[PDB]
Amino acid sequence: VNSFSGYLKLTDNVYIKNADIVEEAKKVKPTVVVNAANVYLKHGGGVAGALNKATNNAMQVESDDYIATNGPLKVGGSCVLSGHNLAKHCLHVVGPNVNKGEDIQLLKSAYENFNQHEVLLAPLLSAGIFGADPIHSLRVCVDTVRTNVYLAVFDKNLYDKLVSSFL
Ligand SMILES: Fc1ccc(CSc2ncnc3[nH]cnc23)cc1Cl
């Protein structure tokens, strides 16, 4: 039993809700919140900009030190950093950005990072400003993630479409 509330169950391990991931994280304080990161951990907009804003820019400060030490992530890769006031940990995961020309096949590799964590609150990778089809992202999530994932979808219209079209 966990504290996630109001989710629709899609499969044995995947759950979905129309919710603002920032507000959901602040309420649940999950062990892991997933950020829709880029390789530079520049949290300017989309989910990343919102999460970082909610940390009063502490996420960005921590991220800049991480990059100065380690260099950029790989597309499809991840790193674990602090969750600040939102969660114990933040798993920064880089899905391919279609608006940069990145290989959509890397979306499966990106979701594989979730399997290193027993339970996660997450957005749909590569959705939103990353330019991929969210219906496809949900399919890859369900077919790749084996751990327990609670998906927050900000847009109510998109949430309804994801549920109604789910096979
Ligand atoms: F400044 C802000 C502006 C917007 C929000 C809503 S969170 C959100 N944004 C974008 N895509 C998503 N996918 C799942 N949740 C989200 C929070 C803050 Cl703090």
# chains A, B, ... in the order shown; residues from 1 in each chain; ligands from 1
$ residues_around --residues "residue A:126" --least-positions-apart "5" --cutoff "8 Å" --atoms "only C-alpha atoms" --output "CSV table (one decimal) with C-alpha atoms, in the first residue's frame"
chain,number,residue,atom,x,y,z
A,36,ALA,CA,11.9,15.3,-18.0
A,95,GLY,CA,14.0,11.2,-23.4
A,96,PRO,CA,14.7,12.0,-27.0
A,97,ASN,CA,13.6,15.5,-28.1
A,98,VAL,CA,11.9,15.3,-31.5
A,107,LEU,CA,12.5,6.4,-25.7
A,131,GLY,CA,7.7,16.7,-29.3
A,132,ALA,CA,6.8,13.0,-29.2
A,133,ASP,CA,3.3,11.5,-29.4
A,134,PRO,CA,2.1,11.0,-25.8
A,137,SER,CA,5.1,7.4,-24.9
$ closest_atom_pairs --of "chain A" --to "ligand 1" --cutoff "12 Å" --atoms "only C-alpha atoms and all ligand atoms" --output "JSON lines"
{"residue": "A:16", "atom": "CA", "partner": "ligand 1", "partner_atom_place_in_ligand_line": "14 (C)", "distance": 10.8}
{"residue": "A:17", "atom": "CA", "partner": "ligand 1", "partner_atom_place_in_ligand_line": "14 (C)", "distance": 9.6}
{"residue": "A:18", "atom": "CA", "partner": "ligand 1", "partner_atom_place_in_ligand_line": "14 (C)", "distance": 8.2}
{"residue": "A:19", "atom": "CA", "partner": "ligand 1", "partner_atom_place_in_ligand_line": "15 (N)", "distance": 6.3}
{"residue": "A:20", "atom": "CA", "partner": "ligand 1", "partner_atom_place_in_ligand_line": "7 (S)", "distance": 4.2}
{"residue": "A:21", "atom": "CA", "partner": "ligand 1", "partner_atom_place_in_ligand_line": "15 (N)", "distance": 4.0}
{"residue": "A:22", "atom": "CA", "partner": "ligand 1", "partner_atom_place_in_ligand_line": "7 (S)", "distance": 5.1}
{"residue": "A:23", "atom": "CA", "partner": "ligand 1", "partner_atom_place_in_ligand_line": "7 (S)", "distance": 7.2}
{"residue": "A:24", "atom": "CA", "partner": "ligand 1", "partner_atom_place_in_ligand_line": "15 (N)", "distance": 8.6}
{"residue": "A:25", "atom": "CA", "partner": "ligand 1", "partner_atom_place_in_ligand_line": "7 (S)", "distance": 9.9}
{"residue": "A:26", "atom": "CA", "partner": "ligand 1", "partner_atom_place_in_ligand_line": "19 (Cl)", "distance": 10.6}
{"residue": "A:33", "atom": "CA", "partner": "ligand 1", "partner_atom_place_in_ligand_line": "15 (N)", "distance": 11.1}
{"residue": "A:34", "atom": "CA", "partner": "ligand 1", "partner_atom_place_in_ligand_line": "14 (C)", "distance": 10.2}
{"residue": "A:35", "atom": "CA", "partner": "ligand 1", "partner_atom_place_in_ligand_line": "14 (C)", "distance": 9.6}
{"residue": "A:36", "atom": "CA", "partner": "ligand 1", "partner_atom_place_in_ligand_line": "13 (N)", "distance": 8.8}
{"residue": "A:37", "atom": "CA", "partner": "ligand 1", "partner_atom_place_in_ligand_line": "11 (N)", "distance": 11.9}
{"residue": "A:43", "atom": "CA", "partner": "ligand 1", "partner_atom_place_in_ligand_line": "1 (F)", "distance": 11.5}
{"residue": "A:44", "atom": "CA", "partner": "ligand 1", "partner_atom_place_in_ligand_line": "1 (F)", "distance": 10.3}
{"residue": "A:45", "atom": "CA", "partner": "ligand 1", "partner_atom_place_in_ligand_line": "10 (C)", "distance": 7.9}
{"residue": "A:46", "atom": "CA", "partner": "ligand 1", "partner_atom_place_in_ligand_line": "10 (C)", "distance": 4.6}
{"residue": "A:47", "atom": "CA", "partner": "ligand 1", "partner_atom_place_in_ligand_line": "10 (C)", "distance": 4.2}
{"residue": "A:48", "atom": "CA", "partner": "ligand 1", "partner_atom_place_in_ligand_line": "10 (C)", "distance": 7.8}
{"residue": "A:49", "atom": "CA", "partner": "ligand 1", "partner_atom_place_in_ligand_line": "1 (F)", "distance": 6.9}
{"residue": "A:50", "atom": "CA", "partner": "ligand 1", "partner_atom_place_in_ligand_line": "18 (C)", "distance": 4.0}
{"residue": "A:51", "atom": "CA", "partner": "ligand 1", "partner_atom_place_in_ligand_line": "19 (Cl)", "distance": 6.0}
{"residue": "A:52", "atom": "CA", "partner": "ligand 1", "partner_atom_place_in_ligand_line": "19 (Cl)", "distance": 7.7}
{"residue": "A:53", "atom": "CA", "partner": "ligand 1", "partner_atom_place_in_ligand_line": "19 (Cl)", "distance": 5.5}
{"residue": "A:54", "atom": "CA", "partner": "ligand 1", "partner_atom_place_in_ligand_line": "19 (Cl)", "distance": 5.0}
{"residue": "A:55", "atom": "CA", "partner": "ligand 1", "partner_atom_place_in_ligand_line": "19 (Cl)", "distance": 8.8}
{"residue": "A:56", "atom": "CA", "partner": "ligand 1", "partner_atom_place_in_ligand_line": "19 (Cl)", "distance": 9.6}
{"residue": "A:57", "atom": "CA", "partner": "ligand 1", "partner_atom_place_in_ligand_line": "19 (Cl)", "distance": 11.1}
{"residue": "A:86", "atom": "CA", "partner": "ligand 1", "partner_atom_place_in_ligand_line": "19 (Cl)", "distance": 11.1}
{"residue": "A:121", "atom": "CA", "partner": "ligand 1", "partner_atom_place_in_ligand_line": "14 (C)", "distance": 10.0}
{"residue": "A:122", "atom": "CA", "partner": "ligand 1", "partner_atom_place_in_ligand_line": "14 (C)", "distance": 7.8}
{"residue": "A:123", "atom": "CA", "partner": "ligand 1", "partner_atom_place_in_ligand_line": "14 (C)", "distance": 5.2}
{"residue": "A:124", "atom": "CA", "partner": "ligand 1", "partner_atom_place_in_ligand_line": "13 (N)", "distance": 7.2}
{"residue": "A:125", "atom": "CA", "partner": "ligand 1", "partner_atom_place_in_ligand_line": "13 (N)", "distance": 9.3}
{"residue": "A:126", "atom": "CA", "partner": "ligand 1", "partner_atom_place_in_ligand_line": "13 (N)", "distance": 10.5}
{"residue": "A:127", "atom": "CA", "partner": "ligand 1", "partner_atom_place_in_ligand_line": "13 (N)", "distance": 8.1}
{"residue": "A:128", "atom": "CA", "partner": "ligand 1", "partner_atom_place_in_ligand_line": "11 (N)", "distance": 6.3}
{"residue": "A:129", "atom": "CA", "partner": "ligand 1", "partner_atom_place_in_ligand_line": "11 (N)", "distance": 8.4}
{"residue": "A:130", "atom": "CA", "partner": "ligand 1", "partner_atom_place_in_ligand_line": "11 (N)", "distance": 10.4}
{"residue": "A:134", "atom": "CA", "partner": "ligand 1", "partner_atom_place_in_ligand_line": "13 (N)", "distance": 10.7}
{"residue": "A:150", "atom": "CA", "partner": "ligand 1", "partner_atom_place_in_ligand_line": "14 (C)", "distance": 11.1}
{"residue": "A:151", "atom": "CA", "partner": "ligand 1", "partner_atom_place_in_ligand_line": "14 (C)", "distance": 8.1}
{"residue": "A:152", "atom": "CA", "partner": "ligand 1", "partner_atom_place_in_ligand_line": "14 (C)", "distance": 5.1}
{"residue": "A:153", "atom": "CA", "partner": "ligand 1", "partner_atom_place_in_ligand_line": "14 (C)", "distance": 4.5}
{"residue": "A:154", "atom": "CA", "partner": "ligand 1", "partner_atom_place_in_ligand_line": "14 (C)", "distance": 4.2}
{"residue": "A:155", "atom": "CA", "partner": "ligand 1", "partner_atom_place_in_ligand_line": "13 (N)", "distance": 7.3}
{"residue": "A:156", "atom": "CA", "partner": "ligand 1", "partner_atom_place_in_ligand_line": "14 (C)", "distance": 10.3}
{"residue": "A:158", "atom": "CA", "partner": "ligand 1", "partner_atom_place_in_ligand_line": "13 (N)", "distance": 10.3}
{"residue": "A:159", "atom": "CA", "partner": "ligand 1", "partner_atom_place_in_ligand_line": "14 (C)", "distance": 10.2}
$ residues_around --residues "stretch 71-81 of chain A" --least-positions-apart "6" --cutoff "7 Å" --atoms "only C-alpha atoms" --output "ChimeraX atom specification"
/A:39-40,89-96,106-107,109-110,113
$ residues_around --residues "residue A:143" --least-positions-apart "5" --cutoff "10 Å" --atoms "only C-alpha atoms" --output "MDAnalysis selection string"
chainID A and resid 14 108 111 137:138
$ write_last_selection --atoms "C-alpha atoms" --output "PDB file, in the first residue's frame"
ATOM      1  CA  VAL A  14       1.197   1.418 -14.364  1.00  0.00           C
ATOM      2  CA  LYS A 108      12.633   2.770 -24.613  1.00  0.00           C
ATOM      3  CA  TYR A 111      12.111   4.351 -19.699  1.00  0.00           C
ATOM      4  CA  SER A 137       5.103   7.389 -24.937  1.00  0.00           C
ATOM      5  CA  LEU A 138       2.452   5.711 -22.789  1.00  0.00           C
TER       6      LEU A 138
END
$ select_by_dssp --residues "chain A" --states "strand (DSSP E)" --output "PyMOL selection string"
chain A and resi 8-9+14-18+32-36+78-82+89-93+119-122+148-153
$ atom_distance --atom1 "atom CA of residue A:99" --atom2 "atom CA of residue A:135"
17.2 Å
$ atom_distance --atom1 "atom CA of residue A:120" --atom2 "atom CA of residue A:5"
13.7 Å
